[PDB]
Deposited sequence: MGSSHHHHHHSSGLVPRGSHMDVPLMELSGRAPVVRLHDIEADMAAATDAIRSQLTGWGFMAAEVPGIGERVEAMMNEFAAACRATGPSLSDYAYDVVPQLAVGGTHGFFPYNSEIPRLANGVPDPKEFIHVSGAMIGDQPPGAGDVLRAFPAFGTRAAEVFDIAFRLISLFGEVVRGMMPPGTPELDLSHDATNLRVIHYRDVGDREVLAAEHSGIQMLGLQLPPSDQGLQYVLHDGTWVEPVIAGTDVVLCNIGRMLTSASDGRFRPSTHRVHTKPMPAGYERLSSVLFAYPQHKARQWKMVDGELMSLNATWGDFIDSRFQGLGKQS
């Protein structure tokens, strides 16, 4: 599987100029989606924050003062409508939702229990959510006129951090792969062959098309199917619209509102 270098070739998006740098990167990003099936940007300083976050998660995974399993999903208060946040014991991982970051009450306790990790996770969540919303505006701009805004929801979006890790794609609208600790993540190209982005220990983030966006675009953009081939930590933002909101679909240039909700799509 060929390596794909991205450091130094992907568009640069600076942490304190995100909106302006993403506007400049728009054409490069569109050409990635058209030419590869996934997108990429280099964000100077992101790797520093993500590695710190991941290493603090690894330490928390071994801790007992309070243990992360004290915040396993089945003992964390969950939203009446939405996905499941909290810790998933053993390959062991945590979902930090936007709702959890705002304590929606007690859901925030895992971040109060591990505040060094939790502060980094909130920081990375916020950067990732700003970036991914601008990626969605790029993709929207490629879609026919009258395409609605993606309407990604802060509270329904979640940052997953994994501790010990076949081909698949995300169910949601978009994903943002942050630089993992090790190489091994691979993506399939439009020609059906696989590539391995060089991203471990870099400032490069990848943006994945999820299956909700494949549906909303009526097949125009296939999911950014990927797999992990190892020879070990990783984090990714999964961006969702509001679960109770009505699906829509651009069919042959016409906007269609459906009865089914985005929550129905997940089920």
In sequence order, which deposited residues have no C-alpha? 1-22, 113-126, 141, 203-211, 278-284, 321-330
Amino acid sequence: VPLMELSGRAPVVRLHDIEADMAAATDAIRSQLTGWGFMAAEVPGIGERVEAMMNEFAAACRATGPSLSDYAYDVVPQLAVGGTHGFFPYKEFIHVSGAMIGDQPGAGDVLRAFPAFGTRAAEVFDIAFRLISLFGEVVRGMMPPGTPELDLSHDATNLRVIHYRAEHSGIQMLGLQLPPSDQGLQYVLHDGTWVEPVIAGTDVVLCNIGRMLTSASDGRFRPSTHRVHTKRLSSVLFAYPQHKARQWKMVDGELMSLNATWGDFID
From here on, numbers count along this sequence of modelled residues.
Comparing 251-259 with 20-28, which stretch shows the greater average C-alpha B-factor in the deposited entry? 251-259
For the stretches 113-121 and 188-196, which has the higher mean C-alpha B-factor as given in the deposited record? 188-196
Which listed residue, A99, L174, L134, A166, has the largest C-alpha temperature factor in the record? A166
Of the residues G108, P144, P77, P179, the one whose Cα carries the largest B-factor in the deposited record is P144
Relative to the other modelled residues in the chain, which third contains the C-alpha temperature factor of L233: lowest, middle or highest? lowest
Could you place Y90 in the lowest, middle or highest third of its chain by Cα temperature factor, using the values in the record? highest
Going by the recorded CA B-factors, say which third of the chain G210 sits in, lowest, middle or highest. lowest
Comparing against every modelled residue in the chain, figure out the third that the C-alpha B-factor of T84 lands in (lowest, middle or highest). highest
Looking at the entry's B-factor column for C-alpha atoms only, identify whether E42 ranks in the lowest, middle or highest third of its chain. middle
